[PDB]
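# Take this sequence and fold it.
(chains A and B)
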Amino acid sequence: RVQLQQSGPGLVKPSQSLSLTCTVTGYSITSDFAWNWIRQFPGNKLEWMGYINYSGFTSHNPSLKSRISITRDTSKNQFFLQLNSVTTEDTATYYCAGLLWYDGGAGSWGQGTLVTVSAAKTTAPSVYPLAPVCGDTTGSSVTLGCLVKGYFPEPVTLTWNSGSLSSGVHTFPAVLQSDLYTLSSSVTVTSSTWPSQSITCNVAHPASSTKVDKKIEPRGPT
Amino acid sequence: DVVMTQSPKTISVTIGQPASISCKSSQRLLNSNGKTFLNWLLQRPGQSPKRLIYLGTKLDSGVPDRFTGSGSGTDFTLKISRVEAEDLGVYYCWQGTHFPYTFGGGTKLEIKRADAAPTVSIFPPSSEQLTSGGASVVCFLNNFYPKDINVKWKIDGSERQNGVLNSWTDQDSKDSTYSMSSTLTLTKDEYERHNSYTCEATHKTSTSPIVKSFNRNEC
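Residues are numbered from 1 along each chain as shown, chains lettered A, B, ... in the order given. Below is the structure:
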């Protein structure tokens, strides 16, 4: 039905501004809805930031006092968030959400966009293959992996065989150390299918425009 | 501002059993037109919050009717008639009656299931990383229940704790298990200094740690 999608720079320097766009499809932004911005802190606490409704009237949380501007472009069916004077306390996942003005119904939220407030530099990751040791390949199933190391900021996307391999996958939350993240992912398959059917880790880091497609090679002759 | 208090903080429930959670607001949420702007939302792991209940008692658009909202004034309750594994996640209440609009702190629904030992897997550093001069040893502890687990690393039989970084998944709806990754990071020169590397997992399904090891420069 109505669908919302957030876009905007995912890394902002301290004391500058975050600027986000929500693009609405399947409904006109000049009808029926309040178009909200909501953010979720790393703790998982949610905070209501503000709205602009279908006639252009706005409201925002006094918690943000003076820093927030919410606007729209009806010709593009988009509404926007600007938040100035940011600090690391504004690092959060930012969501756009439409709720019907009349009754608060039909809540529809975008996928959410992470925004990191930091002076640290953008760094592309190294993607390392995790190939199983010989002794652990004689079972009925085998586990392979991928180590994504030393990137900034979040996030990266990781798929297996371009997303055609999705059962038996575990992708772990990234860990931050010294302004770089490391993430890993495991995939488990029937051992007799490997290495006859190859397995490739597909990693993308949109912040550095970098992609790595790493085929996992067995230890031993290849 | 209105404070929304949810209880309990966490709930663990067997599939097919019912679930009830509550939200208490510091102010009445009825408005001057008879409407109560009280919503319930579910956030599944890795997803954005999604609608369940609105107007205090009404099923939101498209939601399974296993969810029931009741209450009025300041005391509200969300009920799930029979819990399914895909119902796991964090449940939030939200009020839109008093400015500024506020959310409850959330209630995490966990699925109770049969105990399960981890599948443990250990991985040496890759050739490519070693040319970098850094060396990460990775151990996965996959699909175990319950969630509490301990990982111990040894190097040439001796426990090692510096350089270890751990990461846990949320509960998995497909099988109600947990998984964990542990990574031991060394300089290439220290890694190239020793021979055996060992990942030890301690979980309630066993009295004996699950142990996985390898020798450097052996397949």
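# Longest helix in chain B, by number of residues?
The longest helix of chain B (DSSP state H) is helix B:127-132.
# Please save the CA atoms from it in CSV.
In CSV, the C-alpha atoms belonging to helix B:127-132 read as follows (Å, rounded to 0.1, in the frame of the first residue of the first chain):
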residue,chain,number,x,y,z
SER,B,127,46.3,-16.1,3.6
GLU,B,128,45.2,-12.7,2.6
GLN,B,129,44.9,-11.3,6.1
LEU,B,130,48.4,-12.7,7.0
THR,B,131,49.9,-10.8,4.1
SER,B,132,48.5,-7.8,6.0
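# So for chain B, the centremost residue is which one?
residue B:170 (2.7 Å; C-alpha atoms, centre = their mean).
# How about the contacts made by that one?
Residues in contact with residue B:170 (C-beta atoms under 8 Å, 6 or more residues apart in numbering or on different chains) are B:45-46, B:178. To be clear about C-beta, it is placed using only N, CA and C from the backbone, and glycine gets the same treatment.
# Highest neighbour count among those residues?
Highest neighbour count within these: residue B:178, with 23 neighbours (other C-beta atoms under 10 Å in any protein chain shown).
# show me what contacts that one?
By C-beta under 8 Å, 6+ apart, the contact list for residue B:178 reads B:143-147, B:149, B:168-172.
# among these, which ones are buried?
B:143-146, B:149, B:169-172 (16 or more other C-beta atoms under 10 Å in any protein chain shown).
# From those, pick the one nearest chain A.
residue B:169 (6.0 Å; C-beta to the nearest C-beta).
# Leaving out the residues flanking it, which one is nearest to that closest one?
Using C-beta to C-beta, 6 or more residues apart in numbering or on different chains and skipping residues adjacent in sequence, the residue nearest residue B:169 is residue B:179, 4.7 Å away.
# Pairing partners for the helix or strand hosting that neighbour, with directions?
Taking DSSP states H and E as the definition, one finds residue B:179 inside strand B:178-187. Applying DSSP bridges, strand B:178-187 is found paired with strand B:134-144 (antiparallel), strand B:164-168 (antiparallel).
# domains in chain A, as residue ranges please.
As assigned by curated CATH domains, chain A contains the domains A:1-119, A:120-218.
# could you pull out the helices for chain B?
In chain B, the helices defined using DSSP H lie at B:127-132, B:188-191.
# Check the spacing between residue B:20 and residue B:177 real quick.
Using C-beta to C-beta, to the nearest Å, we find residue B:20 at a distance of 25 Å from residue B:177.
# Those two: who's more crowded?
residue B:177 (21 against 13).
# Thought residue B:149 was touching that one, still the case?
No: if you go by C-beta atoms under 8 Å, residue B:177 and residue B:149 don't touch, sitting 11.2 Å apart.
# Per the annotation, how does chain B divide into domains?
Structurally, chain B divides into domains by curated CATH domains as follows: B:1-113, B:114-219.
# Now tabulate the helices of chain B in CSV and tack on distance to residue B:153 and mean neighbour count.
Converted to CSV, those look like this (distance: least, C-beta to C-beta, whole Å; neighbours: other C-beta atoms under 10 Å in any protein chain shown):
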stretch, distance to residue B:153, mean neighbour count
helix B:127-132, 17, 14
helix B:188-191, 12, 14
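# Format these as TSV; extra columns: distance to residue B:88.
Output for the helices of chain B, formatted as TSV (distance: least, C-beta to C-beta, whole Å):
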stretch	distance to residue B:88
helix B:127-132	35
helix B:188-191	39
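# Let me have those helices in a markdown table, extended by distance to chain A.
Listed next are those as a markdown table, based on distance: least, C-beta to the nearest C-beta, whole Å:
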| stretch | distance to chain A |
| --- | --- |
| helix B:127-132 | 5 |
| helix B:188-191 | 13 |
